[PDB]
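Results of the structural survey
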Amino acid sequence: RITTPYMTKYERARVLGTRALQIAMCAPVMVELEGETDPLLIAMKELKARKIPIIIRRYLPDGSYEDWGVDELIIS
Amino acid sequence: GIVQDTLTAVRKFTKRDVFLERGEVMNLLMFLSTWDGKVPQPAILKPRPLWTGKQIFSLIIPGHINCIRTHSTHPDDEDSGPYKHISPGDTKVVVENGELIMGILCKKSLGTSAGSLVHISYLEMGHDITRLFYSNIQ
Amino acid sequence: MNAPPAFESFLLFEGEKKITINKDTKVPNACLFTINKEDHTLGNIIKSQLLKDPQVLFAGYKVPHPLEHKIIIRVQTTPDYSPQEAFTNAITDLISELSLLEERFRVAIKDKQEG
Amino acid sequence: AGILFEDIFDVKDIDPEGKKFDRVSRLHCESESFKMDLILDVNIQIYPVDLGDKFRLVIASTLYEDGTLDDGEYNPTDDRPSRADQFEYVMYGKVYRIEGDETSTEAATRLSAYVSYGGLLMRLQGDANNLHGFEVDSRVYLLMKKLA
Amino acid sequence: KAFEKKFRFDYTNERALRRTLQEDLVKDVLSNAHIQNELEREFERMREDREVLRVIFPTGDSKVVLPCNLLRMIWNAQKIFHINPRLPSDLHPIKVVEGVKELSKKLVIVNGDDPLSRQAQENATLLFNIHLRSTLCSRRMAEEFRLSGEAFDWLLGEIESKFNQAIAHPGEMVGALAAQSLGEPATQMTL
């Protein structure tokens, strides 16, 4: 896998956006939520806990579909 | 955004003569959002407890930034002669360890530029930290 | 339109409590009294009377936004004294001073009218 | 104790460069019996100083005269220790620089310790044998008192 | 001559050495020929990089734009570790040499294992590496920055992290950035 091991800020925005949309549409929370009833806050907790159930196709410019698990990408 | 309103004022606040009293200092610390609840020790204990403008500003400055700018009216014959780290006109800025030690601030030190304490804050401390630093100055 | 009626700078609505106390957690013996429908009139005298107690290490007030009508008064005392008592004693000593001032003004008047 | 330094200075000048600030003036002093130069910004509104006054400088690391350190936070109440309040003027600063005339080979015979009391700068410059309690980033107390 | 006076690491004074290094290190720097020849390798590397710079910047303007303020990280380190600049340092000069040598291998813009990839890597970080080796010198870090054993390790880790944060993020709209940043100065020019 020849790609930056860090999570792009664009990738981070899209992961948190889609994860919070799922959580708003009744996807099971995978973190011990305490008092949190907002999708985006739960998505940030789930991300910082390395538990968002999403992987990324990083499409290289030739067409390589580089698969990265959101728990593998070094996040801020 | 640091408009003229709080740039002239921060050049007057950090002058060497701005001695704040106890009630004025407490009034000002009510508007620091990033304040740890500890009142600094006065610059002048006796005869009257009397803070300084640079103390309350060094309370605004975030983290442990280090910076050395040079206020706009700095005589250029100063760095060579004596008084180079003393600076009789208070024209050399030294924010050392997140803490304004000497020098009057201006936009040369608080704009966005090369150096520019707010820039070093954005680089070193972060990005929401400099949001708080802007709003606290104001 | 969006013009707040003039009476809602001093009139509590249902469920406002007129005062709430939050312990400030950054330091010991600090409280934060949020007073609804008050302004610098009542904030500044309480602050300046708290700053007269020798067992008060911090007294300050702020009006968060001028369009909202409430103040926050932060008090911090020495450990053998709670900020609730410092606040209470400030208000009691202000009330006592203004009672004295009222009767002194009545006497000064009644002497000026050459009663 | 905690006294990093102490001496009796005599003021030889108040504003040689001319007064830059109205409430702050810069004494240029020379000591007695230590052969030591001082430059000091002073709040001459609350503490007036003029030419030829002999004041007594003491630079300490704590005020408590039992040695226990200061914690550097405004506590105006506690007198559990008895302060060093035999003095009229008391500033509180941070040693921000210690220069010397040393060359790559030998050590410094004369030293310059620069302190900044909340922005009012002092430079205590003399022999390296009595300017040795100082160290950069050390919080220090300056206590002055005019002598009759 | 100033370049040699400032970047050489004499190691042949035994007085200026004991003034700036612990005694273990000052006897290790003179009682060794491997250490001294490595220090000479460092100075030769630095001199030929100087000749390279004289080609890249033929006008002599030394103000460049690089992704790590090194004179400010050295200051952050002197402050974080309370470096006393009046005391012999405990940082071994060979440790500076070897540490920046292994740091320059973690600052990877073009990931290699490939002759043209290795050349593109050496070009992509040719100026930052010249900088890094001329500021994390072994003569400067022992008589000018006076860092310690652990201040220097913190500084290496910090340089590497603040560099890896500076690498451009894929998907960045660099055309829009360039357009707006070339147009916003067009709001104060002449005519």
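Residues numbered from 1 in each chain as written, not as in the entry; some residues may be left out. Chains lettered and ligands numbered in written order. Part of a larger assembly, values for the part shown. Heavy atoms only, no water. Residues with missing side-chain atoms left out of burial classes, pairs and counts.

Per the PDB record, this model was obtained through cryo-EM at a reported resolution of 2.78 Å.

**Thoughts on helix α1 (residues 9-24) of chain A**
Residues and elements named next belong to chain A. Between its first and last C-alpha, α1 extends 22 Å over 16 residues, near the 22 Å set by a 1.5 Å rise per residue. Against α2 (39-48) and β1 (55-58) lie the buried residues of α1. Taken from the residues just after α1, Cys 26 is the one with a positive phi, measuring 75 degrees. (Helix = DSSP H or I, 4+ residues; strand = E, 2+ residues; numbered from the N terminus. Expected span 1.5 Å × (residues − 1). Contact = heavy atoms within 4.5 Å.)

**Things to note about the packing of helix α4 (residues 70-80) of chain E against helix α9 (residues 149-164) of chain E**
Packed helix pairs are characterised by how far apart their axes lie and by the angle those axes make with each other. Residue and element names in this part refer to chain E. Across the interface, α4 lies against α9 with an axial gap of 10 Å and an inter-helix angle of 140 degrees. Classified by the interaxial angle, the pair formed by α4 and α9 is oblique. Once α4 is placed against α9, the crossing between them reads as right-handed. Taken together, the residues of α9 that come into contact with α4 (itself represented by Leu 70, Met 73, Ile 74, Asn 76, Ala 77 and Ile 80) are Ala 151, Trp 154, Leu 155, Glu 158, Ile 159 and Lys 162. Of the residues contributing to the contact of α4 with α9, the split by class is nine nonpolar, one polar and two charged. (Axes fitted to C-alpha atoms, helices over the stretch in contact; angles between N-to-C directions. Parallel < 35°, antiparallel > 145°, perpendicular 65-115°, else oblique. Left-handed = near helix turned anticlockwise from the far one by under 90°. Nonpolar A, V, L, I, M, F, W, Y, C, P; charged D, E, K, R; others polar.)

**Quick word on the interface of chain D and chain E**
Tallying the contact residues gives nine residues for chain D and five residues for chain E. Together, the buried faces of chain D and chain E total about 650 Å²; carbon and sulfur atoms form 44% of this surface. Applying the counting criterion to the chain D and chain E interface returns one salt bridge. Among the salt bridges present, the one from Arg 86 of chain E reaches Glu 102 of chain D, with a minimum N-O distance of 3.5 Å. Linking chain D with chain E are one residue pair in polar contact. Here the side of chain D that touches chain E is built from residues that sort into four nonpolar, two polar and three charged. (Buried area = accessible area lost by both parts, 1.4 Å probe. Salt bridge = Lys/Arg side-chain N within 4 Å of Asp/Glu carboxyl O. Polar contact = N/O pair within 3.5 Å; in protein donor to acceptor, adjacent residues only side chain to side chain.)

**A closer look at the pairing of strand β6 (residues 110-117) of chain D**
Residues and elements named next belong to chain D. With seven of eight residues buried, β6 is to be regarded as a mostly interior element. In this sheet, β6 lies alongside strand β5 (residues 89-100) in antiparallel orientation, the contact comprising six bridges. Its bridge partner being in β6, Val 95 is matched across the sheet by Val 115. Both β6 and strand β7 (residues 120-127) contribute to a ladder of eight bridges, which runs antiparallel. Bridged to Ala 113 within β7 is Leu 124. Count of turn residues in the β6/β7 antiparallel hairpin: two residues, of which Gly 118 carries a positive phi of about 50 degrees. (Buried < 20%, exposed > 50% of the residue type's maximum accessible area, 1.4 Å probe, protein only. Pairing = 2+ DSSP bridges.)

**Here's the deal with the environment of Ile 71 of chain C**
Residue and element names in this part refer to chain C. When you line up the elements, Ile 71 lands in strand β4 (residues 70-77). Judged by relative accessible area, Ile 71 falls into the buried class, the value being 0%. Sequence spacing of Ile 71 and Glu 114 is 43 residues, and the spatial spacing of their C-alpha atoms is 43 Å.

**Here we look at the packing of aromatic side chains**
Within the structure shown, the criterion is met by 15 aromatic pairs over all chains. Their ring planes at 85 degrees and their centres at 4.7 Å tell us that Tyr 59 of chain A and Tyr 65 of chain A sit as a pair that is edge-to-face. Pairing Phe 33 of chain C with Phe 87 of chain C gives two aromatic rings, centres 4.4 Å apart and planes at 20 degrees, and the pair type is stacked. With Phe 33 of chain C in strand β2 (residues 30-36) and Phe 87 of chain C in helix α2 (residues 83-112), the pair connects residues that are 54 residues apart, well separated along the chain. (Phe/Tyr/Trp six-rings, centres within 6.5 Å; stacked < 30°, edge-to-face > 60°.)

**With respect to a nonpolar patch on the surface**
All names here are of chain C. A contiguous nonpolar patch, built from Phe 7, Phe 10, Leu 11 and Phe 13 and spanning about 400 Å² of accessible area, is present on the exposed surface. As for its placement among the helices and strands, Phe 10 is situated in the segment before β1 (20-24). Classification of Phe 10 by relative accessible area gives exposed; the value is 53%. (Patch = residues over 30% accessible without salt bridge, like charges linked within 9 Å, V, L, I, M, F, W, Y side chains within 5 Å. Areas by Shrake-Rupley, 256 points an atom, 1.4 Å probe, with all protein chains shown as cover.)

**Description of the pattern of salt bridges**
Inspection of every chain in the model, using the stated rule, returns 35 salt bridges over all chains. For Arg 58 of chain A, the salt bridge identified is with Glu 11 of chain A, shortest N-O distance 2.5 Å. Within this pair, whereas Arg 58 of chain A is found in strand β1, its partner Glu 11 of chain A is found in helix α1, the two being separated by 47 residues in sequence. Both residues of the pair, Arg 58 of chain A and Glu 11 of chain A, belong to the buried class. Linking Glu 32 of chain D and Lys 54 of chain D is a salt bridge whose minimum nitrogen-to-oxygen distance equals 3.7 Å. With a gap of 22 residues between them, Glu 32 of chain D in the loop between β2 (24-31) and β3 (37-43) and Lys 54 of chain D in strand β4 (residues 54-60) connect regions that are remote in the sequence. Exposure remark for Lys 54 of chain D: the relative accessible area of 34% places this residue in the partly exposed category. Among the ionic contacts, a cluster of salt bridges with common partners joins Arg 16, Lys 54 and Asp 90 of chain B together with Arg 26 and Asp 41 of chain D.

**Brief notes about the arrangement of the chains**
Out of six pairs of chains that touch, the pair holding the most contacts is chains B and D. Between chain A and chain B there is no contact; the minimum C-alpha to C-alpha separation amounts to 11 Å. The smallest C-alpha distance separating chain C from chain E is 24 Å, and no contact links them.

**Some points on the environment of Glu 32 of chain A**
Relative to the helices and strands, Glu 32 of chain A resides in the loop between α1 and α2. The spatial distance from the C-alpha of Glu 32 of chain A to the C-alpha of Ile 42 of chain A is 9.4 Å, given a sequence separation of 10 residues.

**Some thoughts on the sheet that holds β4 of chain C**
Residue and element names in this part refer to chain C. Strand order in the open sheet formed by four strands is β1-β2-β4-β3, and the pairing between neighbours is antiparallel. In the strand order of this sheet, the two ends are held by β1 and β3 (56-62), each with one partner. In this sheet, neighbouring strand axes are inclined to one another by 15 degrees on average, regardless of whether the strands run parallel or antiparallel. By the bridge criterion, five bridges tie β1 to β2 in an arrangement that is antiparallel. Its bridge partner lying in β2, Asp 24 is registered against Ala 30. Contacts from helix α1 (residues 40-50) reach β3 and β4 within the one sheet, and its direction differs from that of β3 by about 170 degrees. Relative to the sheet, α2 contacts β1, β2, β3 and β4, its axis offset from that of β2 by approximately 45 degrees.

**Observations concerning the pairing of β4 of chain C**
On a regular strand, each side chain points to the face opposite its neighbour's, so the side chains alternate between the two faces of the sheet. Residue and element names in this part refer to chain C. Burial analysis of β4 places seven of its eight residues in the buried class, which makes it a mostly covered element. Pairing of β2 with β4 involves seven bridges; the strand directions are antiparallel. Looking at β4, one finds that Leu 32 is bridged to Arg 74. Inspection of the sheet shows β3 paired to β4 by six bridges, in the antiparallel sense. Note that in β4 the partner of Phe 58 across the bridge is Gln 76.

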